[PDB]
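These numbers come from the heavy atoms of this one structure, side chains and all, not from hydrogens, waters or symmetry mates. Within every chain, numbering begins at 1; the chains are lettered A, B, ... in the order of the sequence lines, protein sequences first and strands thereafter.
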Amino acid sequence: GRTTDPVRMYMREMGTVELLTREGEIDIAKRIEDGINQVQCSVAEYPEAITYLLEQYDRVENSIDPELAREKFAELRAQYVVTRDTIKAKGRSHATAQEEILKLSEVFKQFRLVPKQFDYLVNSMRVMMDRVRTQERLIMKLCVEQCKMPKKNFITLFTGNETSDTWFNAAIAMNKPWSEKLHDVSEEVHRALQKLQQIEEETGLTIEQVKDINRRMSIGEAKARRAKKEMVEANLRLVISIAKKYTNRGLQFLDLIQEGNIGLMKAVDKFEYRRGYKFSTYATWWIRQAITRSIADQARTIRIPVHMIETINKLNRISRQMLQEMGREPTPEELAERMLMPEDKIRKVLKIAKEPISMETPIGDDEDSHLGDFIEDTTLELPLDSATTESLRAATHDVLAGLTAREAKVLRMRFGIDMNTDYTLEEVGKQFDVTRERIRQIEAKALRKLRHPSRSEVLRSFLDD
Amino acid sequence: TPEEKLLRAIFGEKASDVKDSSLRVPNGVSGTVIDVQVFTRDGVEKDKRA
Amino acid sequence: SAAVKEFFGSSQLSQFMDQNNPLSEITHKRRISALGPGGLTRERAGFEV
Amino acid sequence: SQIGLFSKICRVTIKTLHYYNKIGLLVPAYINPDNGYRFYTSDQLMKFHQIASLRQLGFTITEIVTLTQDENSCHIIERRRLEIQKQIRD
DNA sequence: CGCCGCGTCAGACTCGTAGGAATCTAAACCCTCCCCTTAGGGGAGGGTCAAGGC
DNA sequence: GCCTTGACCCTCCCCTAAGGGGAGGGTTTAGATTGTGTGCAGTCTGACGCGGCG
Ligand code: 118
């Protein structure tokens, strides 16, 4: 396309959308709102396996009268306890049921945007619906291994009848030998189908009404999603016009844009058109919040917490005006007196605001000598020290041979020489069954002999450290 | 080290909390001192020589 | 202040003075250079210049 | 009412309210499940008045607790009247 | 087939010195965890000081 | 000489009542505002290989 720049590639794919007018955003928000309540409608007459609000009003048990908070919850359930008495009559799809449960929907429409409370009721069937799905997958991974059979008669009448296994009698009807080529495995089909039939027991309702109105419940959750998408896609110029005042502060342009878009996606989710204000006035807050939060979390090699960021910024703002006013830079005393903090903290803050230098920094007249060439390894031992360590080990091994073997084993155990660990008196006397005190006696013996001048001046040579 | 621990046990000497970081003349150089200057921070005790 | 002190302290034409002689300084203050910002590069100058 | 406004109704610090909740002396009315915020009501103030009234006589926290929830237990008060009568002498 | 445009790769060795490293705005509220405050108590684990039994 | 007592002693960690001070982390904020910007860098010559168009 004759270009490889991704900022132009973005600003080009972003310009194929039109800006909205004051009525466009209102009637987009209206359908965003009514799809999410069409869903809440569809959740209404699902069986008691849902987490329905019977005692959610009691689970929790603008400051509204307690008598108002206790009473208006009695309207809905006062009609609901008598309404779904008709769950039995004429199957599961009775028309009085649709009429009065969409009258419960007439009641339901009153409400508007809410936290994940509503979410946790539709999840009430998530954990239950896909379950059903996956179980009828199991039957299939138990049929295809043994026999091959055309799927569009079987699964079609599977969708249709759901009364009993009598639809398998529709498999032999065409009189081809693939009818009962299956042998000794159909009880596994009956296994999984029977377990989902006891799932049907706990639900009490057949699958082709639950999935039937889930087909229309999925219409609301998609029709809200699509309107949210085209409410987001029409406002990207706002993000791009805000995020151009945060440049040269540690992030690149497209990073700031992709941080602003995640805030716009929340301003779209929290909007309320009834309050009468435009969309820009509410969205700018979330856009700026996202960009500001990402500048303080990224964009430093060594990360500083947010409270220290605000302290640094405040001290910069004070020193600017004191420099404009005095004509000089103020000493930390003149900053402590006005910032009203203890001077040691003002001295502590002033060290934390420096970014590490690159190891490729050219140092000299040329550019073949770098800063990283003159950096020395500090954790190495000098060879004079290695030789000294080995010579001292040999000298000690020679002096430890003069005195008794049993009387040197105790020194080896007591100072840990040639062993994996140091030991204590009682655990050494464990193997000697000698008293707590005799060990100390023989140690004061050995250490008294070992400094007699017939022996000491070979080891004394080392202690000039 | 264990061996150096036994050395300290025998001859009784102990080290201390501070290390020597003094400024020295580099090798090969031999000169006469002609000037000294001391710069100390505001809020620090000035010393006899300063 | 940043733009001024960066020029006076880290430029390529701002140089540590040569101070062996009187003549060393007189000569350092009269030198003319073709390198620097807006000038040639050592590797990419030809024979004719 | 949130903790910051209730702290100005009673003229007491916030760390004091946190401590009293930890001890079990003054428990808020409602605590947010996910945030953890504390909300108070007027009867909390009627009880804080009693707490301060008891605290003005020199009792420590355990006896104030034992005094508020439990039976009258009059033997603790006069027993305090000796610890003051002695203390003055000292 | 042939010419031209355009993109990629290369350009001697060893020594010296030379201080510091360059713009750049959020504010109110809540929570939990960690250490601090007097003047000593209490224990755990590991050492030391005379005295004899043999 | 080769062991057993009964005293003594030391350092290190955790504890007391009623909060105080701070570090480091979470959340929202409703008049409107709808496409970058540096007062850029662009700056060498020679040989070679491949694609795109006549
Ligand atoms: C410079 C420019 C804007 C703000 Sb603000 C703001 C700050 C304090 C009190 C009220 C408003 C802001 C908002 C969210 C995140 C970061 C900063 C602000 C917001 C919208 C419109 C105009 C200004 C601050 C400094």
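Atom CD of A:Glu355 is separated from atom P of E:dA21 by 15 Å (rounded to the nearest Å). We find that OH of A:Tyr246 is positioned 16 Å from P of E:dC24, with the value rounded to whole Å. Separating the CD1 atom of A:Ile240 from the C1' atom of F:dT36 is a distance of 9 Å, rounded to the nearest angstrom. We find that CD of A:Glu272 is positioned 13 Å from P of F:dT28, with the value rounded to whole Å. Atom-to-atom, CG of A:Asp373 to P of E:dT17 comes out at 15 Å; the value is rounded to the nearest Å. A straight line from CG of D:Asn21 to P of F:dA18 spans 17 Å, rounded to a whole angstrom. Regarding A:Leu315, its CG atom lies at a distance of 14 Å from the P atom of E:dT25, rounded to whole Å. The nearest whole Å value for the distance from the CE atom in A:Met11 to the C1' atom in F:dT34 is 11 Å.
Across the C1' atoms, F:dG35 and F:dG31 are found 25 Å apart, a figure rounded to whole Å. When the P atom is used for both E:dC35 and F:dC13, the distance is 13 Å, rounded to whole Å. Nucleotides E:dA12 and F:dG39 place their P atoms 36 Å apart, quoted to the nearest Å. Distance check on atom P: E:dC6 versus F:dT43 gives 14 Å, rounded to whole Å.
The side chain of C:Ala2 approaches E:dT23 more closely than any other nucleotide in the set E:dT23, F:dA17, E:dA18. If you check F:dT34, E:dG11, E:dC29 against the side chain of C:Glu43, the one that comes closest is E:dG11. Taking only side-chain atoms of A:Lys244, from C-beta outward, the nucleotide of F:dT34, F:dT36, F:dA30 with the closest atom is F:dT36. Comparing F:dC3, F:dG26, F:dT33 by their nearest atom to the side chain of A:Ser280 picks out F:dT33. With E:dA21, E:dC31, E:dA50 as the candidates, the nucleotide lying closest to the side chain of D:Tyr37 is E:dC31. Between F:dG19, F:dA30, E:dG46, one nucleotide has an atom nearer to the side chain of D:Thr16 than all others, and that is F:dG19. The side chain of A:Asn235 lies closest to F:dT34 when the candidates are F:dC44, F:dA32, F:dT34. For C:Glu6, the listed nucleotide lying nearest its side chain is E:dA22; candidates were F:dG20, E:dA22, F:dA23. Listed candidates were F:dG26, F:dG19, F:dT33. Nearest to the side chain of D:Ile61 is F:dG19. Minimum atom distance to the side chain of A:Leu238 is reached by F:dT34, of the listed F:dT34, E:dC24, E:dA22.
Nucleotide E:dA21 has no partner under the Watson-Crick or G-U criteria, as no pair reaches both atom distances under 3.5 Å. For F:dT29, the paired base is E:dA26 (Watson-Crick or G-U wobble, both distances below 3.5 Å).
A distance of 11.5 Å separates CG in D:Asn35 from CD1 in D:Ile31, rounded to the nearest 0.5 Å. For the atom pair D:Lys22 NZ and D:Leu17 CG, the distance stands at 13.0 Å (nearest 0.5 Å). Here CG of A:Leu256 is found 11.0 Å from CG of A:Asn261. Values are rounded to the nearest 0.5 Å.
Summary of the strand contacts: A:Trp285 and A:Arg303 both lie near DNA chain F, and taking for each the nucleotide with the nearest heavy atom, the more 5' one is attributed to A:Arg303. Along DNA chain F, the nucleotide nearest A:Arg406 and the nucleotide nearest D:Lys22 are compared for position; the residue whose nucleotide lies closer to the 5' end is A:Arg406.
Taking 3.5 Å as the limit, the base of E:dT25 and the side chain of A:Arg320 contain a donor-acceptor pair of atoms between them. Side-chain N/O atoms of A:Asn316 and base N/O atoms of E:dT25 include no donor-acceptor pair closer than 3.5 Å. A donor and an acceptor atom never sit less than 3.5 Å apart when one is taken from the side chain of D:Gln2 and the other from the base of E:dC30.
In this structure, D:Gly36 reaches the sugar-phosphate backbone alone: every heavy-atom distance under 4.0 Å involves primed, P, OP1 or OP2 atoms, never a base. Contacts of D:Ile3 with the nucleic acid, taken as non-hydrogen atoms under 4.0 Å apart, involve only primed sugar atoms and P, OP1 or OP2. Here C:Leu40 lies out of heavy-atom contact (under 4.0 Å) with every strand. Nucleic acid contact for A:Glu310: none, since no nucleic acid atom lies under 4.0 Å from a heavy atom of the residue. As judged by a 4.0 angstrom heavy-atom cut-off over every strand, C:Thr41 is placed among residues making no nucleic acid contact.
Look at D:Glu83 and D:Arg79 and you find no salt bridge, because none of the NZ, NE, NH1 or NH2 atoms lies under 4.0 Å from a carboxylate O.
Remark: ring of A:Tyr277 does not overlap the six-membered base ring of F:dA30 in a stacked fashion, as centroids less than 5.5 Å apart with planes less than 30° apart are not both met.
For the criterion of Watson-Crick or G-U wobble pairing, both bonds shorter than 3.5 Å, the nucleotides E:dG5 and F:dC50 count as partners.
Base-pair contacts of D:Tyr19, counted as side-chain heavy atoms under 5.0 Å from groove atoms, all face the major groove.
Stacking between E:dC36 and E:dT37 holds: their six-membered rings sit with centres below 5.5 angstrom apart and planes below 30 degrees. In this strand, E:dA27 stacks onto E:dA28; the six-membered rings sit under 5.5 Å apart at an angle under 30°. Neighbours F:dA30 and F:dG31 do not stack on each other, since their six-membered rings do not meet both centres under 5.5 Å apart and planes tilted under 30°.
Annotation for A:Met359: atom CE does not count as buried by contact number, only 12 or fewer foreign heavy atoms lying within 6.0 Å. Heavy-atom neighbours of D:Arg11 CZ from other residues, nucleotides or ligands within 6.0 Å: at or below the threshold of 12.
Side-chain contact between A:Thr3 and A:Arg12: present, with at least one pair of heavy atoms (C-beta onward) separated by less than 4.5 Å.
A distance below 6.0 Å separates the ring centres of A:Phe271 and A:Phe279.
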